[PDB]
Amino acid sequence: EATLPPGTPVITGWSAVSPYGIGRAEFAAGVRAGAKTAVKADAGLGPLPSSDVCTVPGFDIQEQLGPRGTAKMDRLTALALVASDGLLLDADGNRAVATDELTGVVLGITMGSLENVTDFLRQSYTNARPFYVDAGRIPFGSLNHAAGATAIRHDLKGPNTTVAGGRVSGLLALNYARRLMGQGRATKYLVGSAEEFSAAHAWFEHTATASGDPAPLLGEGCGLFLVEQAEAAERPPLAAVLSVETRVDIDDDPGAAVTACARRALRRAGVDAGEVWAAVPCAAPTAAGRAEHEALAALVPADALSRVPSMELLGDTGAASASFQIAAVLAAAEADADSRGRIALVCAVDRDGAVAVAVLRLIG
């Protein structure tokens, strides 16, 4: 708290909509319990490469967000919006976080709503003319739509960014926020990442899988953080973001890239690897995921890996991954005095070659 460099970002709040349910509480409960989330996929999604899915249970867009502008709303946007409400509002819909025009928004994604874009293109191919699409779905298609919708919803006129990157996107987002806040472009930031479950996503993932491998267990949801400057923080810090480092695995040695990335992140945080109390890999069901796990299992105290349940319990949550990882750390840390001042490390690897690592100091 008092030990922190000047202008260190702090997370002062979080929210999640996840395969554990809607809300931070459900996420925290699921993480602490190391609960399973896989269910049999709803018949409505049509044929899927696998029947088993980690969807958000009890998630209905109109039920959550009401009737206005929700009929054609993509699930990705819906998840982000519900998460935004958990972050900025309390359980009674009171305003928990004071936002203004210097409140930034940055959301990480993989490739937006593939459900939207694939529905649009299916219509384009199969309807009377190739621009005879569901025109009401078009606003929702933009990759930046979830971030933009969040801003419309909460009147956030400040910086509004969407970054891609898949599993690393939450960390790219975090680093982006960190840098912009560092430059005075925002005093507070809503940072996070999101991935919807869609038949399109599921089929594309299956297609992209290293031929032979089983259809991945896929999850979905959104995790969001309220980030502030430690000096100016208007709510108690839960964690300080000490460093976020990234690399690209250009030599197809994801282990080596994870190792290099983590060591750099730890150096830049000014901490030793032995100080890591919780280490949360993304657990991607890929060679890179396995390599990441092996790399961290060597790099950090073994006890740091047993501290938080495997992210595998949520399935491959795609872009949501790193945000769920950070949230799992915060969930593990909350209501456990043992976590105070401890270092946490979150690591993710993405198919498209990116590696990212964040080092946090747990406060409370």
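The first residue of the shown sequence is 1; numbering continues from there.
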item	value
Mean C-alpha B-factor comparison - 209 to 217 and 237 to 245, higher one	209 to 217
Greater mean Cα temperature factor according to the PDB record, 318 to 326 or 334 to 342	334 to 342
Out of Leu81, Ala287, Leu87, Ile152, highest CA B-factor residue	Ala287
Position of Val357 among the chain's modelled residues by C-alpha B-factor, lowest, middle or highest third	lowest
CA B-factor placement of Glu196, once the chain's modelled residues are sorted into thirds	lowest
Record-listed C-alpha B factor of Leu65: chain third	lowest
Third assignment of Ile22 from its chain's C-alpha B-factors	middle
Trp203 - Cα temperature factor, lowest/middle/highest third of chain	middle
